């Protein structure tokens, strides 16, 4: 028999393709799931976690830290128009809010 290659590696993905397939089945979204769907979806999820990760990392670098924390994810998310809209109705535990004071409240 031939060597076992994880479907992920055949896609050059870091995310578990088989996991995504299994879940597409247990979830009852459809009677049957294609072969690429888990691959496509897994790629996307991997692509999205990659995107926020890059921003948070920079956000960690800015604050002079090396270990990401929830606040970095917040800043990352709330400063990017898009991730902000995608997660507009999401509350990130221990994230805080963006430093922001209404102009009119400042001294004159």
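Residue numbers count along the first chain shown, from 1.
Judged by mean Cα B factor in the deposited record, 16-24 ranks above the other of 93-101 and 16-24. For the pair 73-81 and 28-36, the mean B factor over Cα atoms is greater in 28-36. In this PDB entry, the Cα temperature factor of residue 46 sits in the middle third of its chain's modelled residues. Sort the chain's modelled residues by C-alpha temperature factor and residue 52 lands in the highest third, per the entry.
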